[PDB]
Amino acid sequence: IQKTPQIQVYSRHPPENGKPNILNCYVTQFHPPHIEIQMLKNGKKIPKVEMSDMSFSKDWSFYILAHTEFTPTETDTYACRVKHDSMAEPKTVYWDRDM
């Protein structure tokens, strides 16, 4: 009974350079519940990340949100790195502002 996390990275508002926003990493459909979730800016850990919105779906899989305040620029790269027992390697999903 092991399920691999689905990792989604997105901003609250459409990204505009210079304009304050919120970056989200929603990690979903996983089991067991032990998990590490790190948000990255230019390959470096973002401090003071908030964890919220923990729940489970009808099949009992875990859901949880990591989020942080940010102001985008053209050159800054953002990502979310997740470690979970279901994955041989740590998995990184990158923010795609054109998505």
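Sequential numbering from 1, following the sequence displayed. Note that the rigid core is defined as the largest set of C-alphas that superpose within 1.5 Å between two forms.
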Core-aligned, which moves more in 7 other deposited structures of this protein: 35 to 43 or 50 to 58, by CA RMS? 50 to 58
For the C-alpha atoms alone, is the average B factor greater in 6 to 14 or in 82 to 90, going by the entry? 82 to 90
Sorting the chain's CA B-factors, does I64 end up in the lowest, middle or highest third? lowest
Sort the modelled residues of this chain by their C-alpha B factor and say whether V27 lands in the lowest, middle or highest third. lowest
Compare the C-alpha B factor of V49 with those of the other modelled residues in its chain, then answer lowest, middle or highest third. highest
